[PDB]
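Working notes for the structure below.
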Amino acid sequence: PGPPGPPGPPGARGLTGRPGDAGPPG
Amino acid sequence: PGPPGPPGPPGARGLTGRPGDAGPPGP
Amino acid sequence: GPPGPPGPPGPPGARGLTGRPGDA
Amino acid sequence: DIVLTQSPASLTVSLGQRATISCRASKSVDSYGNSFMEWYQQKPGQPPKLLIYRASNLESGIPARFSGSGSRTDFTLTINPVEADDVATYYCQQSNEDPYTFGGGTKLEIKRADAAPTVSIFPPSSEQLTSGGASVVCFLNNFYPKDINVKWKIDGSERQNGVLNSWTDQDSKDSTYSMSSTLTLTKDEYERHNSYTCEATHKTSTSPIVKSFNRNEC
Amino acid sequence: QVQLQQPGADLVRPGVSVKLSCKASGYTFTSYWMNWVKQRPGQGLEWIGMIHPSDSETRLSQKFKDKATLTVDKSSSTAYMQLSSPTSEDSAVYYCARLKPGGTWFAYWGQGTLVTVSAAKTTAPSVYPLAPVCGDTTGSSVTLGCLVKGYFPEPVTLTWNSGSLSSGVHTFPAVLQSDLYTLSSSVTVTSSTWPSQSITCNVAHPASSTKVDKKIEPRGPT
Ligand SMILES: [Cl-]
């Protein structure tokens, strides 16, 4: 019998980050 | 001994991105 | 000899897009 | 949004020269040691085709005449030496910040030796005549520069109405342009006249190139 | 081999929702984001949004948040994008696209669907052969043509001899007049080639589900 196969393909890009803190009033 | 196994499953989603930059001050 | 098992899961993908900037 | 400004909008380059396309970002596209800038080539009728990823990495199957440099907010696509097949529109695109955004593009046109059009005239197909319409076609092929005029004459006189002109994009092989001019009349209009003529006027000759046929003359 | 299959065309009346499809093959559909991109012919590109088919997690460009709706069907490996109440500004090519696995660059692209927003009806083309003037002089080369008339909407695809005739071919971009398009193509071969060997233009019009072959014959006298 033989050894286990190679790793699968690389995964998807991560989720996009949360928005910035909406800037302070003038 | 025989052949190597098939290739694995596709990986998981990457890390979540950086939080956006703080907004500019308003008028 | 018969083939081995399927391999491990692939590595995780790249990091996500940076988030949008906050409003003015 | 990260805004990408490309310069110039259009670039004319002789074969074998260096072409340089610039891309500025409104803010940095660098993150954790990587420059998130892609370059694409797009030919008419096709999706964008990836040339360069992460600012400077050649995509598989892309010739080494293409190269990319820069970081932060300034990026450059270099083509050297330019080849005929490179006629296209090129785009930068940042992949750092949501949303993905593209530059406005740069059209690469090629400068070459002047060439005179090869002109061919076609009477209406008999099949079209059964529909009650009549188109005369004139092809003006493989000329340079792009500028050209076509005149249609019916019984020796330039007459109004029914014209459709179309120009190709620069040819990916000999770097020339071609033009198609179609004059459509009704079948009855077509059959009230006998001589049909297209005249092509081009930089390369003070003399127009004239192709003509007579209806029902073989 | 990774494959993203999109219909060539979609025509809607102003106000009627359009739903675009992108059928995926060659990879694990549920493992990767599907991105959508808009391009008006003659202009640049805009990223619309993306969706991850495993959990239907979604990110949309703020510009498109109230315009586009992204969904998937895991069973058929198809991504859909729906556009609400379309206007003439919605007429564009729409691509589906994918990042390279583990990467951040768009390596894979569908061919695009040309969305047309118009009250004009789907009309199949008339295809006319263009053979040289009856009784004309024979040179060392000969030019043939194919005139494609009276169709709607774009696009049509044109080949010669099923694409095996590629050299010496010029295919002219479609032009619209009073609600119908015209396209033409020319081919130049040696006089030894034609009419001894057969030359046929092939015209596909996916909007009307039509394919037409027209063989170019010499003109008969009278
Ligand atoms: Cl992905």
Side-chain angles (χ1 to χ4, degrees), chain B, chain C:
Chain B
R13 263 205 301 261
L15 276 169
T16 297
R18 173 173 85 86
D21 291 328
Chain C
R15 193 163 182 205
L17 288 157
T18 292
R20 286 192 275 101
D23 297 317

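Order of the sequence lines sets the chain letters (A, B, ...), proteins ahead of strands, with each chain counted from 1. All heavy atoms count here, side chains included; hydrogens, waters and symmetry mates do not.
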Worksheet entry | When B:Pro27, B:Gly11, B:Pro19 are compared by non-hydrogen pairs under 4.5 Å with chain C, the top option |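 Winner by heavy-atom pair count: B:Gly11.
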
Discussion item. Shorter than 4.5 Å, heavy atoms on both sides: which option in B:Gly8, B:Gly5, B:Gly2, B:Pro6 has the most such pairs with chain C?
Written reply: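 With the most close heavy-atom pairs to chain C, the winner is B:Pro6.
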
List the atom of [X], the atom of [Y], and the distance in Å for their closest heavy-atom pair.
X: C:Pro2; Y: B:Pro3; answer: C-CD, 4.1 Å
X: B:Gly14; Y: C:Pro12; answer: CA-CB, 4.4 Å
X: B:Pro4; Y: C:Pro3; answer: O-CB, 4.3 Å

Once you leave out hydrogens and angles, what donor-acceptor pairs under 3.5 Å do chain B and chain C share?
unit_1	atom_1	unit_2	atom_2	d
B:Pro3	O	C:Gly4	N	3.4
B:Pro6	O	C:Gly7	N	2.9
B:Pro9	O	C:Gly10	N	2.9
B:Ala12	O	C:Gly13	N	3.1
B:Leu15	O	C:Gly16	N	2.8
B:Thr16	O	C:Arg15	NE	3.0
B:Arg18	O	C:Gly19	N	2.9
B:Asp21	O	C:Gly22	N	3.1

